[PDB]
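What follows is a set of notes on a single structure, which appears directly below.
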Amino acid sequence: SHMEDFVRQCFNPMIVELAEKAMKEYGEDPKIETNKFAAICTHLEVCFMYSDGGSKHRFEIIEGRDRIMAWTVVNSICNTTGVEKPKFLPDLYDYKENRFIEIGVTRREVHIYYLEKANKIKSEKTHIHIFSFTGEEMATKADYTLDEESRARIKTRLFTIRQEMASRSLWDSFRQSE
Ligand SMILES: O=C1NCCc2cccc(c2)OC/C=C/COc2cccc(c2)-c2nc1c(O)c(=O)[nH]2
Ligand SMILES: [Mn+2]
Ligand SMILES: [Mn+2]
């Protein structure tokens, strides 16, 4: 499906297997839903870079775990720190700022995606951080959590994936897909 071969050669093999394992958990096959396959791989890579931008063990990685296991660590964090349980599964937990982080990668307007995720999670205690393929970012209360250098690499990698999709003529089908 062309997009499938590009995903396997663009993303780290463990990230590709994680997106496959996550898609098959929700009854989706990455061989047909190739645009969703590239989006989950991109979201998985950004989340792993985000947690890497911290300090040693600043973040608790929620994304990439099984649906049952991810909710298990979420319950453990809520029952040890005391934060409110979120209605939807977040991506990380900031042990420094004591809040869950929700990371999104957009292809449309970066200003729009926040409006979608803000009106979804009623628990306003959890943070929200959107990255864009054009190099923009938007976080809750202007608290961008990470250092400027850590976020700049995520934007750079996001634009690199954009150029590779357009170079093989799949960016338009992937951008006009969410
Ligand atoms: O937490 C998340 N978990 C996604 C795990 C998953 C895998 C397959 C199917 C799913 C769930 O069913 C629910 C979603 C179905 C639409 O597939 C896409 C496509 C592109 C991005 C995302 C989801 C996306 N997933 C999350 C985010 O937090 C996020 O910001 N974006
Ligand atoms: Mn998630
Ligand atoms: Mn997310």
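Heads up, the Cβs are rebuilt from the backbone with ideal geometry, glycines too, and the neighbour counts pull from every protein chain shown. Each reported figure results from applying straightforward, stated rules to the coordinates on display, with no laboratory input.
Could you count how many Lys pairs in the range 1-159 have their Cα atoms under 20 Å apart, skipping same-chain pairs fewer than 8 positions apart?
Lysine pairs satisfying the spacing and distance rule in the range 1-159 number 24.
Hey, what number do you get for the chain at 222 nm if only DSSP H runs of n ≥ 4 count, each worth -39500 (n - 2.57), divided across all residues, to the nearest 500? Display every interim value, and only then the final one.
Details: 7 runs with 88 residues, N = 178.
Helix-only estimate at 222 nm: -15500 deg cm²/dmol.
Distance in nm between label sites at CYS78 and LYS120, each 7 Å beyond Cα in the beta-carbon direction?
My value for the distance between the label points is 1.8 nm.
DSSP loop chymotrypsin sites (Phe, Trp or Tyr not before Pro) in the range 60-136 with at most 13 other Cβ atoms within 10 Å of their Cβ, which ones?
Numbers: sites: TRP71, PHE88, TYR93, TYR95, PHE100, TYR113, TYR114, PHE131, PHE133; in loops: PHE88, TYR95, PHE133.
Listed in order of number, the matching sites are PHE88.
With axes computed from alpha carbons, what is the tilt in degrees of helix 13-25 against the longest principal axis of the chain, rounded to the nearest 10 within 0 to 90?
Around 80 degrees separate the two axes.
Just for the chain, what percent of DSSP beta bridges are antiparallel, to the closest 5? Let's see the in-between values first.
Details: 9 of 15 bridges.
Of the beta bridges lying entirely in the chain, close to 60 percent run antiparallel.
Can you check what the net charge comes to around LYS120, using other residues whose Cβ is under 13 Å from the Cβ of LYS120 (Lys, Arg +1; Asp, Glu -1)?
Numbers: positive: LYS87, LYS117, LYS122; negative: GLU102, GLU116, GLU124.
Around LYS120, the surrounding residues sum to 0.
Please rank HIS129, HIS43, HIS111, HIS57, fewest neighbouring Cβ atoms within 10 Å first, as an exposure proxy.
Values: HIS129 24, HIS43 20, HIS111 12, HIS57 8.
With the fewest neighbours first, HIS129, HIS43, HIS111, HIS57 line up as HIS57, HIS111, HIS43, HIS129.
Between the helical axis of 34-52 and the dominant principal axis of the chain, each derived from Cα atoms, what acute angle in degrees is found, rounded to the nearest 10?
40
Taking amide H atoms as placed 1.01 Å from N in the peptide plane, list the residues 5 or more away in sequence, or in a different chain, whose amide H sits under 5 Å from that of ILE62.
The list, which skips near neighbours in sequence, is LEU92, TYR93.
Please compute the volume of the convex hull spanned by the alpha-carbon atoms of the range 22-146 and report it per residue in Å³. Numbers along the way, then the final one.
Values: hull volume 13.9 nm³, N = 125.
Residue-normalised Cα hull volume stands at 111 Å³.
Can you give me the relative contact order of the chain as a percent, contacts being Cα pairs under 8 Å and 6 or more apart? Don't skip to the answer; put the middle values down first.
Working: 227 pairs, mean separation 31.3, N = 178.
It comes to 18 percent, rounded to a whole number.
What are the ³J(HN,Hα) values, in whole Hz, obtained from phi via the Karplus relation 6.51 cos²θ - 1.76 cosθ + 1.60 with θ = phi - 60°, for each residue of the range 114-128 in sequence order, with x given for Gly and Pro?
4, 4, 6, 6, 5, 6, 9, 7, 5, 5, 5, 6, 6, 6, 9
Pairing the Cα long axis of helix 67-80 with the longest principal axis of the chain, what angle in degrees results, from 0 to 90 and rounded to the nearest 10?
Relative to the chain, helix 67-80 is tipped by roughly 30 degrees.
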